[PDB]
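Sequence and experimental coordinates follow.
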Amino acid sequence: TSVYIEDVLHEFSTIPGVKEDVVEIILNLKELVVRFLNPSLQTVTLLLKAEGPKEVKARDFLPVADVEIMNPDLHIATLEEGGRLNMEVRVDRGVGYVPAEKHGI
Amino acid sequence: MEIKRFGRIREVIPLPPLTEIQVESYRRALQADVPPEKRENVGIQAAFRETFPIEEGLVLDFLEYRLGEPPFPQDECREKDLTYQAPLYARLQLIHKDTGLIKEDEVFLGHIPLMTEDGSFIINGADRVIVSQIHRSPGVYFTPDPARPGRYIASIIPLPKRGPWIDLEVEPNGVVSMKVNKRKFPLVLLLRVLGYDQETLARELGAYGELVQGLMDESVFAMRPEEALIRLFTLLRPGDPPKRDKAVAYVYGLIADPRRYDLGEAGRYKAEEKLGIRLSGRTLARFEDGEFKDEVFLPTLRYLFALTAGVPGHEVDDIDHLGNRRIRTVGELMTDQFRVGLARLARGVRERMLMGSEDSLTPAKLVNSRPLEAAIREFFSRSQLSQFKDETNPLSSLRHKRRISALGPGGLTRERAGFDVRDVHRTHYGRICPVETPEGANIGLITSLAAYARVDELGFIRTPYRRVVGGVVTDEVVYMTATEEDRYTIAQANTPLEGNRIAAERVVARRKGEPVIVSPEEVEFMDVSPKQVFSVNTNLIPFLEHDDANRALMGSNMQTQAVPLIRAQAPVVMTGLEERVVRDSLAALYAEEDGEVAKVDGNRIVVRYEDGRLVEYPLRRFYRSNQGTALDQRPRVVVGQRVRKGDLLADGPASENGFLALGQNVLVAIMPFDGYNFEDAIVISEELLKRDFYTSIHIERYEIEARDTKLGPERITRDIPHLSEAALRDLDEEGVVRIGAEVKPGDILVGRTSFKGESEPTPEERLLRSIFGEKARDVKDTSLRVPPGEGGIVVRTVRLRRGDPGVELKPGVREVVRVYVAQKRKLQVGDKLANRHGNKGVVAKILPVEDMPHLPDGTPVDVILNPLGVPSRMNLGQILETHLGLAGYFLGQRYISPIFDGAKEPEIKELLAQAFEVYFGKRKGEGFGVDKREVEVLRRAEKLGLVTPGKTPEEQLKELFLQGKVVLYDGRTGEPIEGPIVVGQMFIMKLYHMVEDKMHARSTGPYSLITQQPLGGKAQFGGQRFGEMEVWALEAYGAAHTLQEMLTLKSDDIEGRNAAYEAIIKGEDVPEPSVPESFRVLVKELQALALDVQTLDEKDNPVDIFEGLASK
Amino acid sequence: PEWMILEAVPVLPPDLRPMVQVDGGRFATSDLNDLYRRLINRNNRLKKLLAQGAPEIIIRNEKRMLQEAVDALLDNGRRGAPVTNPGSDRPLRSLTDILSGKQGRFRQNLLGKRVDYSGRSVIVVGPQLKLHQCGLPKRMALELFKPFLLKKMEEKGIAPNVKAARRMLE
Amino acid sequence: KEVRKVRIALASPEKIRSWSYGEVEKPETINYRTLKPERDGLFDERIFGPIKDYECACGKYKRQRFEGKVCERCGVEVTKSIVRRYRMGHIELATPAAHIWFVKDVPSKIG
Amino acid sequence: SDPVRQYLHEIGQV
Amino acid sequence: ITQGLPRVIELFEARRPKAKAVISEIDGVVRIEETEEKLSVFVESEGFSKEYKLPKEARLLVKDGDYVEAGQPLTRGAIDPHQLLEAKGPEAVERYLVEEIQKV
Amino acid sequence: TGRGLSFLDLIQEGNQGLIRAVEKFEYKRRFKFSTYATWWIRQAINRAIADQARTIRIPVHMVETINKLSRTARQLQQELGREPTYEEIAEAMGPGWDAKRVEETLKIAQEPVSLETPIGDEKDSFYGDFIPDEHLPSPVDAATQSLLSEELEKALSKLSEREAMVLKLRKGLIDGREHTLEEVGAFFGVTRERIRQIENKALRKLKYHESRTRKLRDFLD
DNA sequence: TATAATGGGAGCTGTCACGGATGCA
DNA sequence: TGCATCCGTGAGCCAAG
Ligand SMILES: Nc1ccn([C@@H]2O[C@H](COP(=O)(O)CP(=O)(O)OP(=O)(O)O)[C@@H](O)[C@H]2O)c(=O)n1
Ligand SMILES: [Mg+2]
Ligand SMILES: [Mg+2]
Ligand SMILES: [Zn+2]
């Protein structure tokens, strides 16, 4: 439900060394399936650091306990020589389809 | 995917380079890669040669010109609101006749704008496109006299602005009249002035029946040539002294002056072919050895007499033949304005040559460039033919560039636009597309260049044909004019060929348009392709042959209006054109030689070529097109990829792997849906928004100036009086909004203070101020806020100040600030969708997915189009497009069905069968029988005669699938739709007409200076227009009071509107109106016309509606 | 009958032919002013040419030019060439022009007007309405009825006064 | 008094002058530096009226206290500025001139 | 008709 | 095959139509007199005789020696409303105009 | 021609110069008449072109300066291959000329533009049909002045009729103008210190009411 | 304030239908 | 009295521009 990328100010950006643009990256992160093992848990903030020639998939997120990434193969970004990514993507519980223009998280 | 491709016709030649009509023409007019001395006397060289030399004593001649390099590159001009252009220098020299002194100098004439690679310009920062003009070719014509059946009019027509129209009529009185500058006189006189003599005219024109006697006027041959010339001069300049040198001057300027009269190279050639003569220059006569020698007048006269007698080999001219109508491309249009500015410069030359030191005169001191700089600036900025570039999507730009208008300077006025002009003349075949043109007043006046068509040196439109000799179809392709084309029998591109020979006893051909069945013995040529008949847009329409022309027009034009989507898809059913279009439009980037790809970035792609070099292609990313759609390129290779010359490196906007992606492939069901798709409205599934289909990115530009005022300076400041830090959160120290912020209507984007003026405080102000102990500040809040119903994310700020380097603003301006605001636009209720067969409609309802009709395997349809849209409209193409799209949904393939050479029904049914097996044998294996609901629908299908009685559920379902129809469940209930329904993949686009741009409301707001009525239009926060016909509506209802509100309280009754606003905010019923102000304006404007308008009471005693204020 | 001949030529009140500064501080102005300026210069040069006793040829020329100035002011284009402002092809807009036509005072501002409390947007079927209803976007309504909303906002608690409520929807 | 008819008649020179608030003697509009109306020109406040509500041109009179008052120092009445839409000027011709409506509207009424 | 031709003629008299 | 909008405008504007029908000014009786090269129709009253010269190929609606009312049509074609008015009076034009407009 | 006056206007101003030359000619110098006449004819044409050609009239010496500026800039462009900046023009202009002066002179030389300038390429639009009238109060503005007046009187009523009337006299709500303390004191028959003091207490009580009710704040901005 | 200088230039064009005033035989 | 010819006037609404 929300993404912070370092050195990124808003959704309409590029990151040097990354093939994808922020718009595509969030389009990818939309797909990401996150299983909450603990039932009382409402929100998690996955951290990610990555760099160097590397096709960052979803596995590359820092593990958190009581949290399982069900599609780790899911591609996220393509990085080339000296391209750095550093994200904090927040995953919430909720019901229905709630568009960004309506929760502003 | 695999791309199955249909078609039998093989296409000898590719589509010619699609912006050649622009790029070539400008090149030709500039001759800028040509070394000076090697230039031809065309384009701006020809303009120079026409103006110079300039005489009178002092002579100023012209050697050569040169065009330097652009002071700034294209991107830079686009940002700095500049003009991409080149410096213009001309080496000129002064000569004194007597003295022989020759002082020489390269003088600078200002700048000329340069055409960009893709064929457009950049004027004061905005891309513009110069549209080609269509007009009547210069030449000599014979048209029938419409009053007098057996008589005809010769018309001698020059280029626009390079001569007068001349008519030659045979009067009912026998004498042959020439009409010139609207004066009819006996042609005999001019014939005399030419050195002609009743001997020569008698022997030349005696043949023709009794006509030549109407040319015999003895009172004319009585005079020597000079006496005749002076008779004519008095006849054409009544009163002007018939001085000898003066009359020779006037007549020469009328008929022989090559710097005043000009047929085209076209007017020349056309007359040459028509009258069977040869011209010397480009005028009607010459001055040789002291006298006037004829070139065109007698040939035209002989042709006229022969047409009137009945001599074989003479006919009138179809003035709408595309052999008698030619195109003025960008170079010709710009050159004409060049010619003009030069003439004005020449007047300034002669002026300064008359007075001032006639020894200390250089070319620089004689040449004011400004006439020419002004003429050019005019032609690019305020011409009718200089249009704001339509770069909605790449295809829109391309199509714009290939437009043809009949309008504009020197063209038809909308009042002079009859039928025949707008007709689809037979010779439009292969040249002008008979479909792409607007519905409305401009029907048939704005047209599109056909796809294979080309414009030749003379300006005529040519189209290509294969040569056919003894039934062999060569690969020798001839481009013809229509005068050429009219000579041959030409078979149709689809006629069947074994090998290279015509394998048909009877073949379909044209002679002079006329359709004709002929033997391959008679076949002299054959069409290149069906593609050759239509415009690019029309060519982008699969199954075009199944669509009535009226809706194909709408599919054609509407493609122009497709918004580039963030997830654009090439259509599941293409025409083959979709790739070349992305290429020629410069959408994408391609590999310039074979190479290995070094680097790949959001912003750049670096390629290592076979010469060991390194090219760094930078990507345009999230730039704002003329219409605010996002022009943005994405990298489509990755580090290490080996790429051949011409391999795709970056997809443009509306490009998917180098294919034109104007929309999405959605899953349609064609059925009514509870009125929500009434009268062309469309239902969509929320899934489309969820997975971000039909989402587009737009950027608005916001500008502000802080200037120097009589009353002090405006300044861009964070320190804006009377605002809370609430109002200021997102403003950097200098008052400009912060990149990143979300900005909503009412938000400040750029702060600004302006000084208050003679704000003599009203006593209420003084007392209120005292009560509150706050001085009213010097300045006031004039910041640039967000207009109603606009907003988004700030993505760049540009700031230019006075005193900053490189920067100089218009006088008085202290600083300019621009703020760009981007927005992701989801599809919403009231946005417009269209398909390529003219099916168009607004989105009327977005159901959640569980209400959407679904297939039995649980899959919801994406879009529900009402069938009632089909029969009246007769565009069956979309139907076929859906059936094919059904198959490619389950086989997992796209398709290429060329127009008139496409997938036929039985092949589509082959494919549907393969699909059905994929769609149903799946279910059989997974262990499920035919559902009970499917049995019910099958029963209903059996009564409808759509399946055969007796076969099995699988047999019958396959029978339906072959007809494009599938069992469909109503997700509301789970009961099945009583019949099987047409469901498949359709290519549907989101046109530029989004409701976010259109919705608008006004309580009260700005009024106008003289009328005190409300301004008009969203941008001005204006009021709707309640016109004469709306007034009639109210009159015919008898809503006198509602009517009277519109005429008074709701506009331009000042007292009444102020009073009404106060009453409504105080809960008081609204006052009675008083006199509308614009009536007081009428009274006064009549007074200004010396008319006394006088309001009276029943006693016939004046009433003052100016409440005293106008009487003494 | 003589009143069909002009001695005193009236002049329209300036607000009906303004000289306005626009956003940029530049000046825009209506053509009548250049028509009157033509007129007044020619009239004045005539009063002087009379004082200084000029020949007939010259006085006659001036008088002709004076009549044509009046002609352009009143019905430019009617007789002869229409007066253009320098270096343009556009005729100047005269009082007759202001009056007459699809664009003139009557048809353009008197038999029909722009109006307040009015809006425009795209339409959409809405098959749920009953015959007597229409769906109206909220934001449209808020602006269309804005004064009523300021009032009702004050009647309830939603703002102290009209001016505050109006600040609250900005 | 309620409006019931609307009459329209030819205008006599004396009626045109009766409407007028001053002959416009000069072709000037506004001063290129002050941006104020020139005297005896097409925008003079002396003829057509005050530009600002109840404030004369030079400055001496600036409130509604003085209504109808004509300033001695600058000649501008102190009324509502609205009158600048309503107060006719006039011009006096050295030779009388034809009203083209009554000349070129055929059949010419004069002819 | 053309008020300049008119004056060029009247000039052409003296 | 229709006339459409222009015919309506030809009527509301009360225009003498191009292809007008010649109508009898008066009552009378028909005497046809057709040379191989010229043609004319005479309407003869008890002591008044009117002659109507019309081109050779124009259709008639009068068999010879018939009794016709003032303003009846002799040619096929559209009646000049003004001639109908002068011949037959306002009620006749009113009928004519209303019926023709409604035909369109 | 071209310079802002019709051919005929030029001719007539030239005839004015002809009259001047005649009354000032001296045949004894033995010159033909044309030689002397051309000086005055030129002078009269040029004085007309300077005096009349601008809808905003510019003194002739200023017009001369503006033309000098035009021509200097043209020279500078003819040698610079581009347009001159304000600084280059000031340099070539001499001393006494800086960039700010060139810019003010340009600003002053700006000629106005027609309110009937065509917008679009139909016949149904006018520039300045987009120019909103800033002068006449808006209906909000006007309603807001009425609500102010009414709420100021509402506050003043909570004073004694003398303190209310004294404040009304002093600020101008009565007769337009402000009164001196000596005037209000002669009208109410007190000392000017006394009327200053009752004014002070009137304002004290109005400030107290506006603390306790908040009924005047929003109008102030 | 003085050599002599002595009559202009750009037209610009693919309608059409009507009504009502001038122009002729 | 009858025609041909000539000049002037008109040619849909709203929207954005
Ligand atoms: N220039 C214009 C353009 C549009 N309009 C108006 O908009 C409508 C377009 O109809 P339309 O032909 O586009 C469709 P519709 O009428 O529903 O029939 P169909 O669907 O079976 O094809 C017209 O009927 C007019 O009311 C106008 O007055 N002038
Ligand atoms: Mg993208
Ligand atoms: Mg300097
Ligand atoms: Zn004063």
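Received, thanks. Residues are numbered from 1 along each chain as shown, chains lettered A, B, ... in the order given. Ligands and ions are numbered 1, 2, ... in the order given.

From what I see, residue B:120 and residue B:389 are in contact.
Yes - look at residue B:120 against residue B:389 with CB atoms under 8 Å: they come within range, at 5.3 Å. Any C-beta I mention is one placed from the backbone N, CA and C, and that applies to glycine too.

hey, what's in contact with both of the two?
Counting by CB atoms under 8 Å, 6 or more residues apart in numbering or on different chains, the shared contacts of residue B:120 and residue B:389 are B:127, B:128, B:129, B:397.

Which one (most neighbours) among the residues you listed?
residue B:397 (25 neighbours; other CB atoms under 10 Å in any protein chain shown).

Wasn't it part of a helix?
Yes - counting by DSSP: H, G, I helix; E, B strand; the rest coil, residue B:397 falls inside a helix.

Can you list the buried residues in the helix or strand that contains residue G:153?
In this structure, residue G:153 sits in helix G:139-157 according to DSSP states H and E. The neighbour-count check on helix G:139-157 (16 or more other CB atoms under 10 Å in any protein chain shown) flags G:139-140, G:142-148, G:151-152, G:155-156 as buried.

which of these are close to chain C?
Restricting those to those near chain C by CB under 8 Å from any CB of the partner chain leaves G:140, G:143, G:144, G:147.

The second one reaches residue B:1061, doesn't it?
This points to residue G:143. Yes - contact criterion CB under 8 Å: residue G:143 and residue B:1061 qualify, at 5.1 Å.

show me what contacts the residue of chain C found nearest ligand 3?
Nearest residue of chain C to ligand 3 (CB to the ion) works out as residue C:25 at 26.2 Å. Listed by CB under 8 Å, 6+ apart, the contact partners of residue C:25 are B:707, B:709, B:812.

Measure how buried residue B:80 is and give me the count.
15.

meant to ask about residue B:382
10.

That one and residue C:88, how far apart?
Distance, residue B:382 to residue C:88, using CB to CB, to the nearest Å: 10 Å.

ok, and for stretch C:150-167, which residues are buried?
Across stretch C:150-167, burial judged by 16+ other CB under 10 Å covers C:150, C:151, C:153, C:154, C:159, C:161, C:162, C:163, C:164, C:165, C:166.

Could you find the closest non-adjacent residue to residue 82?
Reading this off chain A. Nearest in space to residue A:82, with sequence neighbours left out and distances taken as CB to CB, 6 or more residues apart in numbering or on different chains, is residue A:17 at 5.8 Å.

wait, I meant chain G there
Spatial nearest neighbour of residue G:82, chain neighbours left out: residue B:71 (6.5 Å); criterion: CB to CB, 6+ apart.

any residue of stretch G:133-141 up close to chain D?
Yes - for stretch G:133-141, a contact with chain D is found by CB under 8 Å from any CB, at G:135, G:136.

Please save the CA atoms from that stretch in PDB.
The C-alpha trace of stretch G:133-141 is given here as PDB (Å, rounded to 0.1, in the frame of the first residue of the first chain):
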ATOM      1  CA  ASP G 133     -13.300  43.400 -16.000                       C
ATOM      2  CA  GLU G 134     -11.300  44.100 -12.800                       C
ATOM      3  CA  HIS G 135     -12.900  47.400 -12.000                       C
ATOM      4  CA  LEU G 136     -16.600  46.800 -11.200                       C
ATOM      5  CA  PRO G 137     -16.800  45.100  -7.800                       C
ATOM      6  CA  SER G 138     -17.600  41.400  -7.900                       C
ATOM      7  CA  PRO G 139     -21.000  40.300  -6.400                       C
ATOM      8  CA  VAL G 140     -19.100  38.600  -3.600                       C
ATOM      9  CA  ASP G 141     -17.100  41.700  -3.000                       C
END
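
contacts for that stretch?
Contacts of stretch G:133-141 from elsewhere in the structure, counted by CB under 8 Å, 6+ apart, are B:1004, B:1006-1009, B:1012, B:1054, B:1057-1058, B:1060-1062, C:166, D:81-82, G:145.

Now residue B:974, what are its backbone angles?
Residue B:974 adopts backbone torsions of phi 80, psi -10, taken as degrees, to the nearest 10.
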